Each structure stands twice: as structure tokens, then as C-alpha cells.
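A.B. asks: Below is the sequence, then the experimental coordinates.
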Amino acid sequence: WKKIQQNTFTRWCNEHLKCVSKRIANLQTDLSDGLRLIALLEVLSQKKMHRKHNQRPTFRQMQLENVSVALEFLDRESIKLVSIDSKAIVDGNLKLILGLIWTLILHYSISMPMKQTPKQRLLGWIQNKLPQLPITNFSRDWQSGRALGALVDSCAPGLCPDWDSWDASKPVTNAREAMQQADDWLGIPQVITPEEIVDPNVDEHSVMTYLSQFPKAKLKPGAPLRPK
Amino acid sequence: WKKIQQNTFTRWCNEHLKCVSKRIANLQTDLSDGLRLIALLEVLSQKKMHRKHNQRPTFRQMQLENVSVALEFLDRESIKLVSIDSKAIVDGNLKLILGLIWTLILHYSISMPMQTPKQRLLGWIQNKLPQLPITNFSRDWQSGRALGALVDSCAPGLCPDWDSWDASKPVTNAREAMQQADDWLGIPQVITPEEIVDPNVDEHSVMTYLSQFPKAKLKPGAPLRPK
């Protein structure tokens, strides 16, 4: 079940990298040369790098430099780093790499758009989107798939009109339906999969990554809105 | 372990879709409207579609039409379809969807560049590694030794000491070989180190990955050592 956080963090990375025709396949290895780490940072910040880097990182000494300029750009952008050095990324320390990406997710996806920590800001935003439901956390409250259907219909009434009378004992079916409509007609990509979000062992961080896409979603023209 | 084939087939799809700034996340659902299926076919064939499709597939009747034009283009391109209809893709039949993608992998990745396409790829690897007895696309690759041999065969210097690698460290060997192949040969990891060494890996997933080797190009800055 610890795969879920890695999978969600990778999908989030690829969703930004695809705008520059680039892609990673393995968070452990594909950021080590620093090339695709810089690319990710440049597209997220909409800014170029402050100094030049090695185009051909032959030896790890050049890989350390490429990650250094990435960490410098991150530091001069007021983004707080929770003890991650260049060596950790180059040598492929998976635990600290996942920590680096989450820092990026918190800063760019959660706190940059919408007195209080970014976590309770997102919870606060969902809270009044769903006033009839008692939402407190980013895990168990979403396991049935009912709350996803409620959220998707809240953003555009008609996508999931009968969310209330959904079978709570069919979690994957409910989640897949809600996230399908959200992807097709709100443009919210599945950085987390239906099977993963309902899984009894989901981490809050993975679910937060997915839900952070909802405040800035736009309803598409051809959407099938029914009242049922 | 049945996840491996789905994961490899999805990664293969995303490796082509990324050239048109597009991406799928779920092979079961993300091809059902037919929009990203057409996109995948257009980039693979380097040709546009023969007739126009629904930009806004509101109801499944329009989703069926979008997949129909995708299947028509596939049919008029002499690509043999092993019993897959529009309904199967739209309704999200995972088994038949994986069959549809494998058809595309066989035609575009294996048989279009370089007897059946399977033994063609096996034949190509065979003389790249004449000192090794390769027969299959599964157990022969579990140690990670053969991957290191293949990567060094394509560019002598990337994995010079593959011969004296510890066979009891499969994931470590596989990760090293596939790392060098990605960085300096431009072969993306459509399959991950942990998946290729897995005792229950299917031949189809491994074939998908290895089909990228015949057309690989050595990058200028590669660290080639003799050891």
C-alpha cells in the first residue's frame, strides 16, 4: 500500500512534464541526473533557471551540480526544504525524494492558489462545497466513493446527480464513476486511480494531491448534465 | 503480478502520447471516449484520421462512433484485429483493451522496423549476445545479467563488468542496466527494475521493453569504461 504515494507523486510529476514533451518512469532513478528535475521546476514556476547546468552529466560530480542548481532555484524561491541535499537525490534515496516532491505539491498545487496551514485550507474549501457532509480527513471520508460523487456534482450539478443513493458497498465502482466525469468534463486527471483512493490503507498525502485540482477546475462545454 | 502487463502497456502508451502533450492514467477508462485512442493512433502511424470525429462525446452513442473511426483507420491500415469491437473499448472491458494495445505494440514497435515478429526480436537479441543461451522473454532476464550484457553489447563501456555481477541481486543489476540504457541510449523504462525480475513476469511485457533496443542511439556524453 506504500506504492500508492509513489504512484500518485509520479503521476503528478508526469502531468506537468507532459506540457514540455517529457516524462519520468521511476522517481528513484529518473531525477538523479537532475535534468528532468530542472524541467519539472521550470514548468511549475513558469520561470527559467538562474544559472546554466550540465547538458551531459557524465559523472556523478556533474549530477550533483545539476541537482544543486535545482535546489538553489528552489531556495531562492522561498520554498522551505525539509532536510534534502543533492547527494540524497543523485544517489536515489527514495524516502527523501518523495519528501522533495511533496514539498513541491504543497507549495504549487495547494498553497499558491488557495492564517492557517495549507492542509486545513483545502479541507476548508471542500467543507463548504459539501456542507451536508461531515468531512474531517483525507482518507476514510473518501473510501465509499460517495463523497467523490458529491464533490464532482457540487462543482457542476448534473455530473453525479444521484450520488446520495449510491451503494456504499461498491467503493471502486462509485470512485471510478465520479473520477471519470471529473476527468472528462472538469479536466481533473487521475493522479490517483479508483482502486487506490478507496484502498483501506491510503495515505492522506496522496488523496490531498488529487483533491487539490478541484478548486481550479473548469466545466467543459459538452457535458451531459442530468437531474435524475 | 497481472498488474505488470497493464503497467507496461500504459507506460508504452504514455511514451508516445507525451509527444503530443497528452497522457492516459487508466487503460480501462481513459480510452473509452475514443479521443486519446485516436491521438495515440495518429502519433504512431504519423498519419491523420480518414474522417472527422466527435470533439464532445456527450453520450456513449458518440463514444462508440469515435472508437469506430479509430477501428476503421486500424482496419484500412492492414492491422489485424483479434476480435475487438467498439462496445468492448467504450464499456471498459480491460481484457480486450489490453489485447488492442498489444496488437499495436506488435505492429508498430516489433514488426514494422525489424517468420513471426516474436522470433525476429529473439533472433536480433541472439546475435547481440552470442555468448549467452537466450530462448525466452522471461526467466532468461530474471537475474539482470542479460540486461547488462545487452546494454553493453549496444555500446561497449556502459556495463563492462556485467559478467561478474551477483546473480542473487536481481533488482540491483536490472536497475543499473536500465539506468544506463535510459540515460545514454534513450530507452525509457516502460517496465520497472522490480517488474522485469519478478518471478511472474509475462513475456509480452518484456518484449515491449526490449523492442526499443534495435533502434537505440548512443548519446555523446556517455561514460564508457573498460574496467
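C.D. replies: In hand now; what should we look at? Numbers count the residues shown, from 1 in each chain, chains lettered A, B, ... in the order given.

A.B. asks: now the closest residue to residue A:32 other than its chain neighbours: how far from residue B:176?
C.D. replies: With C-beta to C-beta, 6 or more residues apart in numbering or on different chains as the criterion, residue A:32 has its nearest non-adjacent residue at 5.2 Å, and that residue is residue A:90. C-beta coordinates here come from the backbone N, C-alpha and C atoms, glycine included. Applying C-beta to C-beta, to the nearest Å, the value for residue A:90 to residue B:176 is 15 Å.

A.B. asks: what does residue A:141 give?
C.D. replies: For residue A:141 relative to residue B:176 (C-beta to C-beta), the value is 43 Å.

A.B. asks: Tell me which of these two has more neighbours.
C.D. replies: Each of residue A:141 and residue B:176 has its neighbours counted (other C-beta atoms under 10 Å in any protein chain shown); residue B:176 has more, 21 against 17.

A.B. asks: which stretch of helix or strand covers that one?
C.D. replies: When elements are assigned from DSSP states H and E, residue B:176 belongs to helix B:170-184.

A.B. asks: which other residues reach that helix?
C.D. replies: Residues from elsewhere that reach helix B:170-184, judged by C-beta atoms under 8 Å, 6 or more residues apart in numbering or on different chains: A:25, A:28-30, A:33, B:142-145, B:147-148, B:150-151, B:154-155, B:158-159, B:162, B:165-167, B:187-189, B:193-194, B:196-197, B:213, B:216, B:218-219, B:221-223.

A.B. asks: Could you chop chain A up by domain?
C.D. replies: A:1-113, A:114-228 (curated CATH domains).

A.B. asks: circling back to that earlier point, CA atoms only: put the helix holding residue B:176 into PDB for me.
C.D. replies: The C-alpha atoms that make up helix B:170-184 are tabulated as PDB, following Å, rounded to 0.1, in the frame of the first residue of the first chain:
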ATOM      1  CA  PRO B 170      18.400  -9.200  -9.500                       C
ATOM      2  CA  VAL B 171      16.800  -5.800  -8.900                       C
ATOM      3  CA  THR B 172      20.200  -4.100  -8.400                       C
ATOM      4  CA  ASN B 173      21.500  -5.500 -11.600                       C
ATOM      5  CA  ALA B 174      18.300  -4.700 -13.600                       C
ATOM      6  CA  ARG B 175      18.200  -1.100 -12.300                       C
ATOM      7  CA  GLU B 176      21.800  -0.500 -13.200                       C
ATOM      8  CA  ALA B 177      21.500  -1.800 -16.800                       C
ATOM      9  CA  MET B 178      18.200   0.000 -17.400                       C
ATOM     10  CA  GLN B 179      19.500   3.200 -15.900                       C
ATOM     11  CA  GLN B 180      22.400   3.300 -18.400                       C
ATOM     12  CA  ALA B 181      20.000   2.400 -21.200                       C
ATOM     13  CA  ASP B 182      17.700   5.300 -20.300                       C
ATOM     14  CA  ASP B 183      20.400   7.900 -19.800                       C
ATOM     15  CA  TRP B 184      22.800   7.100 -22.700                       C
END
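
A.B. asks: can you give me the angle it makes with helix A:60-75?
C.D. replies: Helix B:170-184 and helix A:60-75 are oriented at 80 degrees to each other (axes from the mean of the first three to the mean of the last three C-alpha atoms, to 10 degrees).

A.B. asks: Not counting its neighbours along the chain, what's nearest residue A:8?
C.D. replies: The spatially closest residue to residue A:8, leaving aside those adjacent along the chain, is residue A:206, at 4.1 Å (C-beta to C-beta, 6+ apart).

A.B. asks: Which residue would you name as the spatial centre of chain A?
C.D. replies: Nearest to the mean C-alpha position of chain A, by C-alpha atoms, centre = their mean, lies residue A:209 at 3.2 Å.

A.B. asks: Off-centre distance for stretch A:172-179?
C.D. replies: Its chain's average C-alpha position is 18 Å from that of stretch A:172-179, according to C-alpha atoms, centre = their mean, to the nearest Å.

A.B. asks: brain fart, stretch A:47-54
C.D. replies: Per C-alpha atoms, centre = their mean, the centroid offset for stretch A:47-54 relative to its chain is 25 Å.

A.B. asks: swap in stretch A:25-32?
C.D. replies: The offset between the C-alpha centroid of stretch A:25-32 and the centroid of the whole chain comes to 17 Å, using C-alpha atoms, centre = their mean.

A.B. asks: just stretch A:172-191 next, same as before
C.D. replies: Between the mean C-alpha location of stretch A:172-191 and the chain-wide mean there is a distance of 14 Å, by C-alpha atoms, centre = their mean.

A.B. asks: can you check stretch A:72-90 too?
C.D. replies: When distances are taken as C-alpha atoms, centre = their mean, stretch A:72-90 is centred 19 Å away from the chain's centroid.

A.B. asks: cool, stretch A:207-226 as well?
C.D. replies: In this view, stretch A:207-226 has its centroid 14 Å away from the chain centroid, taken as C-alpha atoms, centre = their mean.
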